[PDB]
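So the chains spell out like this:
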Amino acid sequence: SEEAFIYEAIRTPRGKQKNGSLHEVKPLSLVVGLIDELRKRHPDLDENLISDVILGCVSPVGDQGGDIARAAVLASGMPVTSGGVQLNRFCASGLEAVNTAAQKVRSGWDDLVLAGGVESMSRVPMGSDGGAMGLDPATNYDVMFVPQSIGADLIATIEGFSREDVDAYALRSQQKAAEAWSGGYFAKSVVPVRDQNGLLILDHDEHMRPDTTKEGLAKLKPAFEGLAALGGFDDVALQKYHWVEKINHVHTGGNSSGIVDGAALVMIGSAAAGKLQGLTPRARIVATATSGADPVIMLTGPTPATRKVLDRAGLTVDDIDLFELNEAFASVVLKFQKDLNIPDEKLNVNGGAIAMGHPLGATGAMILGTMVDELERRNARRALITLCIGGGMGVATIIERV
Amino acid sequence: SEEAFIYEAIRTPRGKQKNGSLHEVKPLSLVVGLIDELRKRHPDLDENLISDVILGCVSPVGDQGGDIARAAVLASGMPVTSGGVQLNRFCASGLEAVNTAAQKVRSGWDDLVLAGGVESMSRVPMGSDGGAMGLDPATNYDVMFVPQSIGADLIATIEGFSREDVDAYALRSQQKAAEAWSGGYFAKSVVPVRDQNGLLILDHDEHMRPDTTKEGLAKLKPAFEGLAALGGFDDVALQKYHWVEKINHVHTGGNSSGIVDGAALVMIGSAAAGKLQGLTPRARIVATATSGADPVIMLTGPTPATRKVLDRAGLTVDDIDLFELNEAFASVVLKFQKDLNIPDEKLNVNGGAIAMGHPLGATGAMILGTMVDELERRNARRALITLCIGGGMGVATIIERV
Amino acid sequence: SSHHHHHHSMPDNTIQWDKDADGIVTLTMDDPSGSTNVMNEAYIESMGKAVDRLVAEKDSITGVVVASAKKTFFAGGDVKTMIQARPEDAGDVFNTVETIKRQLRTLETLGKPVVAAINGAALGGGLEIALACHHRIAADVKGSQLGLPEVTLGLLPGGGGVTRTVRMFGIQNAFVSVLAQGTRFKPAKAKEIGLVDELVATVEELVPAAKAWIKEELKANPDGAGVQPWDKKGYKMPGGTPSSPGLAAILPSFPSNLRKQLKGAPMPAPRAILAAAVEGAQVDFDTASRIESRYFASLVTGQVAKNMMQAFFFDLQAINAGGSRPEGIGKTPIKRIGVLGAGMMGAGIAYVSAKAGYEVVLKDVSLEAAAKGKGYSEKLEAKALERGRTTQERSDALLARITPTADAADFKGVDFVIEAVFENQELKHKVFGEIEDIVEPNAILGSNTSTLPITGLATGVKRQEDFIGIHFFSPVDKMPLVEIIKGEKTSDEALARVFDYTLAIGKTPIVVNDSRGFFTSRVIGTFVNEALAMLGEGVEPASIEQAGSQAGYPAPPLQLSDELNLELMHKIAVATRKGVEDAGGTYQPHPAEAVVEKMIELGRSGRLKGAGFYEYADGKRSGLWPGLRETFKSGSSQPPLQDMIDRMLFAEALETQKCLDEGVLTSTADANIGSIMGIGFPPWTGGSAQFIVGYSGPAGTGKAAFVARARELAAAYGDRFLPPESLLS
Ligand SMILES: CC(C)(COP(=O)(O)OP(=O)(O)OC[C@H]1O[C@@H](n2cnc3c(N)ncnc32)[C@H](O)[C@@H]1OP(=O)(O)O)[C@@H](O)C(=O)NCCC(=O)NCCS
Ligand SMILES: CC(C)(COP(=O)(O)OP(=O)(O)OC[C@H]1O[C@@H](n2cnc3c(N)ncnc32)[C@H](O)[C@@H]1OP(=O)(O)O)[C@@H](O)C(=O)NCCC(=O)NCCS
Ligand SMILES: CC(C)(COP(=O)(O)OP(=O)(O)OC[C@H]1O[C@@H](n2cnc3c(N)ncnc32)[C@H](O)[C@@H]1OP(=O)(O)O)[C@@H](O)C(=O)NCCC(=O)NCCS
Ligand SMILES: CC(C)(COP(=O)(O)OP(=O)(O)OC[C@H]1O[C@@H](n2cnc3c(N)ncnc32)[C@H](O)[C@@H]1OP(=O)(O)O)[C@@H](O)C(=O)NCCC(=O)NCCS
Ligand SMILES: Nc1ncnc2c1ncn2[C@@H]1O[C@H](COP(=O)(O)OP(=O)(O)O)[C@@H](O)[C@H]1O
């Protein structure tokens, strides 16, 4: 019935894993900083009409445990009626939180919802929460557990993507990310992180290496070739993909997503919710879709998910102005581009996680807000956001400018 | 827009914390068993039309980490497109999953969703996931963090419930739960847990003490007097509630919800989803709501959440045939009954968590499926399910028989 | 990255460099601008040069010894600089402590042993320097203290004190004593708890023992020499990290317990210390140190730190330096003391006088009562022999100086009199007349009076000059203030002799000119009267007590109004009414008076009768009286809690201003310390006078924001909160 509109979409800068600026910052603080930025833009906003805060978090333990969404509501002084729920759908948790918020608005039983995610990977490393798919031999043996990196190298092996091919995309992401920053595209969306005294901690995406060259990327060594030998994950994958004789490990630290700290926040609401609080809608969420693919590759999820969201919205690839796929690994983006024949000038036009980083729980909301801003800048109509997910899952979303 | 229907709603027996029957059972195995029971009831269901598997889990770490919902999909051999997401809204997680699943179906972007929750509190104790609200002093000092128990004792103090009053409710919970098992009310929905060889592990709620007497409940020691003294939570609460001079610690281990292991699964879908798969609707999600109250007395959440879902469904207290509020603490049910003038014959008619147990992540889905069966057995129309939530939250759902 | 404050574009040198033939470098701290070593801009640049040189000459240096050429090792941060830091200066403050800790971290990671030669006191930044060393040797000299007392000034150990003590002892052990309390330790106790590793007899043994430890360390373990335990790969934090299951189970109770100890008072320093401690224990040492700097900058740029630095450093030093002592007067040693009255006041004066080493004669109206007063000193020594604080040989020599008597002839040879009889001028006239001639000629005649003016009490004796007011506080064994009251015919020589006596018994003195109520009794009356008024207005009694505790008071007002007898408070209300009606005026009663008389009508006049606002069974408080709600219709008035808190704080701060206008007090320092140490004014305010210039609420901060809230309180609760004309413009 009702339509879900995106009124605000902000994010923090991403800080490196080693010697990172945000390493001293609690993950809860990254979210509260964004809540206060929303307050700064709408001081007369009646926060009592905000019925839920939905944050995605892949490692909800330690600093990120105990319903960090509820902690953000209480620590930021938001009304106690504003709820607060943490969810985890691996890499799409940020986008799934926005999707769940949109579906809640459409059902009529929610009016104004804050959605996004947080992930301080330098404070809470990947895998800190555990899980049966890895730490249970019976489940691990059955699902043929293989880390995401091996699946990425397997995709490059099957699709014929060379080490130069993936490094070429890594160079493109670094260059387009640098052009986006120097062009001022991210000025209003990236909210600088400050301390209790107002002192600056981080205002830019630290993981970026804008002076990246083709020769520098070729000197890097395969980062996941030792994880394949110590663990036999290569032999596990080839047991399912028996027609492949050997996995070509092409992914290094220069063509894979960066391990960074970050958080993003989006304000989704109905048209009546925006008119009541005097908010101007920036974009409309057209359709969402959840699908998946084989869990050994576990990175081919975007293709069936994008196909489903295009079908449900009654659209085709030609109807989409911008395509945004999380750059978890270069081969993942190269396969998605080849599968749907995505034009190169439509795909990740402002760089991606290779240059800027991949805060697991927050990435989906970060690239969602990146397309909201680029649609307004380019004055384009539609964009499709999608992420590959661990476990072979896939989530996609189509937004429309307003 | 699109009406959401409950087609199946099953649960496991609740095994106790100390020498419990389910302590040897991994939480993933509890969920898979309920999935296999859904297959036994519908051997020809095309599981490819299942869009998502949402599971509530309050301590998503260790055996319950790494997205146990996705682990349930992959381990049970479900289609790899069936998603899998874990959410955490403390005690509402089981009901919040069903509501989110219902809201997903209403948006039209999902067709058939499995919702529920899992919590093996004997394996993954409460608080194992850490948390900023408790384990970060700056937040624990800004927010007035007081455990759920003191807020329950404070409820009885302000509202004037005596130790005999809360033991009186604990008695009728044990009696009504025992009468429900004797009358065979739970024979259809409680799916016994079995090992990999088909041998029985548990087939009843082994936390029940059906021979409870009013004299035995009075012998028990207030189990939350050492916590509020060794941590000073009594003084922290009374700093916000300054007009209260002393907190009467009336809650013991016999009038509080029990620590148990359990899991629940609800199959929610659209009307077209049931017709295509031959599923017969059992109930319809009329409306859901999320609200809250003061965080220090964090168990006052269900009162404004119930009013909000009644106003949204266009109903009054007299229109509801059955009220189901989780028996987290006896004083929480007494205040809810006192505020809304709930008739005693309509309140938790088959017992509750004091007798059968409170598996944090699954309780919401368990008591929901309880009302689905009770509405049918009584041939009644409407029931209202709600839970009191840590941090001051509250969630309420209204179902109608079909 | 730099070890210096500036990197562009002339301080004094405070470090003396000396490299011996073995390769050991002795850094001797000798600030030529003062009698103590502090962390001013001179020390920062001096230590910057030395650390740069330690790195440049690393190949020819084998060890370092940090020493001091003054009585004290190092006194810590420059309070004169820190008290001026404004919120806009948060960036400069952050960079300074980062530079200070960058120097210590370089000293700490040289790969060579560094020993601290702690000759005298090492407090705050001084101990933080020693904590950066790998070994600490302290001379067991007299007057030497060691600790991190930053919290007592509203700060935190921001030079690595929080970070390193947590690495040494764990979160719980470091916070409980040295951090949250800021307690000062003698060198023998410092060695016991672990802040110091070795002790020597004299200060000359230090540098030799320091150099000998370096030579032995380089031979016993050459791999671990100059490597702190937390810089080794297998480091395990004592008690565990916040991720350890043992500490994580009890960690949620630390802020709530601290919230309980502070009773909800607005003292942000312990909250920040605990946050920096736990947050720091979650990251590496360097990241933890940077977190510590941000919490330090949030305190120094705050207002509570200003108040506490003003009162507990500047105001307290001005008092202990003779600021109230007039001109110059020679000292007169006290040979024997005579206390009049064996009540809880007189018996408390006898205990603190003998515990200082004075002979005391405790007289009363019978030997039966004088022995029950000496039993007040026996019960304290019995509890002090169990805690191990006093020895049996000293506890017996202490009680031997207290001679319980009932005859006035035993006051022969007394050259110091302290009367503590009932509050009756004719009685004080009488009890002084029986003894004025028995005592020695130049004997000081003191009176522990609550309200009765000393000028009128002096006419009961012959020598009007030696008569003086020596106000003690209940209980005397704990309370540290003595309110010296000056009568109209009181000489300046007797003013100093009581000033010296107060310093001899280890107490803090203030000088007050004679008036009814003096300063302490008059102000503390406004505090309790404001609470009784709230009770008569119908405010819940539990909310009144909570508002009193969350304000920072050590005792809630209704509870304090039971310790003070409501019979005594009614006597004062009659005197103020008789004095106005004897001049023809119309006495305007305080709203509390109707509550005092109503409680007396009900026979509940305080703890002495066993019934007051609380119920008293077997000599202990048993909660508030249940009938109190029906009597005053409690619950009918529900004002904001901050409105109640301000009413109690403002009533005292305004009356303190009147005492300054009327000349009762001559210095704000006496007003601040006198209110803090006398009537328990909340320490975070810096005193009842500092509370005016340092008020902070929703209105703002400063004397202007104090008047606005004062006028806001006057418009809602009564014209008594109207600010005096001195506060305006
Ligand atoms: C790929 C990965 C293993 C790299 O880890 P890392 O070695 O710590 O990464 P760094 O970038 O710090 O170091 C990589 C090396 O290549 C260099 N490098 C990285 N990117 C570069 C670039 N664009 N140009 C030049 N050099 C580059 C680094 O400087 C470093 O050189 P060094 O080893 O001499 O210091 C890690 O980022 C990773 O696992 N990411 C994938 C994400 C993932 O698996 N899961 C998340 C969800 S999909
Ligand atoms: C209440 C609580 C502290 C009880 O802990 P416990 O001591 O392990 O619980 P038990 O069931 O063993 O109860 C203690 C005693 O009461 C007895 N008892 C409990 N229920 C009884 C009943 N209905 N009749 C008679 N005796 C009963 C037990 O037999 C036991 O006897 P014991 O002392 O010899 O062992 C714990 O269950 C709890 O914290 N639950 C409340 C919920 C909560 O805090 N968080 C969950 C989210 S709200
Ligand atoms: C150092 C100390 C232990 C003993 O001092 P002392 O030998 O009795 O000498 P005094 O108290 O007379 O002080 C002498 C001088 O030292 C100065 N001084 C002492 N500590 C100082 C400090 N931390 N900052 C600034 N000046 C200080 C005094 O202001 C005085 O200067 P002045 O004589 O020119 O007026 C005592 O001064 C003290 O308690 N210092 C406070 C240390 C502290 O708590 N620091 C906390 C912040 S890190
Ligand atoms: C705890 C410890 C200091 C003393 O243990 P102990 O000698 O067996 O027994 P006690 O604690 O009864 O010793 C008495 C002293 O301990 C001190 N103490 C106890 N716990 C303390 C703590 N957490 N911090 C500081 N001092 C402490 C007391 O102040 C007391 O001093 P006193 O004798 O003058 O009254 C000792 O175990 C130790 O040296 N290591 C523990 C960790 C540590 O170093 N803590 C000190 C932090 S400064
Ligand atoms: N601030 C207060 N001061 C005194 N009494 C209060 C206060 N707040 C609530 N009460 C008491 O509680 C009763 C109901 O208050 P209520 O508004 O329900 O409190 P809350 O909103 O905190 O639950 C009132 O009748 C009153 O007697």
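Basis of the calculations
Residues numbered from 1 in each chain as written, not as in the entry; some residues may be left out. Chains lettered and ligands numbered in written order. Part of a larger assembly, values for the part shown. Heavy atoms only, no water. Residues with missing side-chain atoms left out of burial classes, pairs and counts. Helix = DSSP H or I, 4+ residues; strand = E, 2+ residues; numbered from the N terminus. Buried < 20%, exposed > 50% of the residue type's maximum accessible area, 1.4 Å probe, protein only. Contact = heavy atoms within 4.5 Å. Pairing = 2+ DSSP bridges. Axes fitted to C-alpha atoms, helices over the stretch in contact; angles between N-to-C directions. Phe/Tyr/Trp six-rings, centres within 6.5 Å; stacked < 30°, edge-to-face > 60°. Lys NZ or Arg CZ within 6 Å of the ring centre and 35° of its normal. Near = heavy atom within 4 Å. Polar contact = N/O pair within 3.5 Å; in protein donor to acceptor, adjacent residues only side chain to side chain. Areas by Shrake-Rupley, 256 points an atom, 1.4 Å probe, with all protein chains shown as cover. Nonpolar A, V, L, I, M, F, W, Y, C, P; charged D, E, K, R; others polar. Domains from an automatic or database assignment.

If you check the header, you'll see the entry was determined by X-ray crystallography and the resolution is listed as 2.79 Å.

J.: What's the story with the overall build of chain A in this structure? I'm lost.
T.: Assigned secondary structure in chain A consists of 15 helices and 11 strands. When the backbone C-alpha atoms are referred to their principal axes, chain A occupies close to 60 × 45 × 45 Å. Here chain A holds 402 residues, and 68% of them are scored as buried. For chain A, restricting intrachain contacts to residue pairs at least 6 apart in sequence, the fraction spanning at least 24 positions comes to 83%.

J.: Looking at this structure, I do not really get the sheet that holds strand β1 (residues 15-19) of chain C. What am I missing?
T.: Note: strands within a sheet are paired through backbone hydrogen bonds, in either parallel or antiparallel orientation. All names here are of chain C. What the 6 strands build is an open sheet, ordered β1-β2-β4-β6-β8-β10; its pairing is mixed. Lying at the two open borders of the sheet, with one neighbouring strand each, are β1 and β10 (198-200). Between one strand axis and the next, the sheet turns by 20° as a mean value, whatever way the strands run.

J.: Honestly, the packing of aromatic side chains in this entry has me stumped. Any pointers?
T.: The relation between two aromatic rings is expressed through the spacing of the ring centres and the mutual angle of the planes. For the structure shown, the criterion picks out 27 aromatic pairs over all chains. Three or more aromatic residues link up through ring pairs in this structure, and these residues are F527, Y553, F650, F681, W684, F691, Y695 and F706 of chain C. Here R377 of chain A stacks its cationic end above the ring of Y185 of chain A, 3.6 Å away from the centre of that ring. Looking at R647 of chain C, its charged tip hangs above the ring of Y717 of chain C, at a distance of 4.5 Å from the centre.

J.: Explanation requested: the site of ligand 2 in the structure shown.
T.: All names here are of chain B. Close to ligand 2 lie 19 residues; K18, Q148, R209, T212 and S257 are nearest. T212 is positioned with one of its side-chain polar atoms (N or O) 3.2 Å from a nitrogen atom of ligand 2. At 3.5 Å from a nitrogen atom of ligand 2 is found a main-chain nitrogen or oxygen belonging to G253. Burial of ligand 2 by the protein chains amounts to 66% of its free accessible area of 950 Å². A class-by-class count of the residues in the shell around ligand 2 yields 8 nonpolar, 9 polar and 2 charged. Split by domain, the residues of the shell around ligand 2 number at least three in each of domain 1 (1-124 + 185-285) and domain 2 (132-184 + 286-399).

J.: Can you help me understand the interface of chain C and chain B in this one?
T.: A common way to state how big an interface is: give the accessible area lost once the parts meet. Each partner contributes to the interface: chain C provides 29 residues, whereas chain B provides 24 residues. Taken together, the elements giving at least two residues each to the side of chain C that touches chain B come down to α10 (253-261), α11 (268-280), α21 (541-550) and β20 (620-624) of chain C. Of all the elements, α10 of chain C adds the most residues to the side of chain C that touches chain B, at 7 residues.

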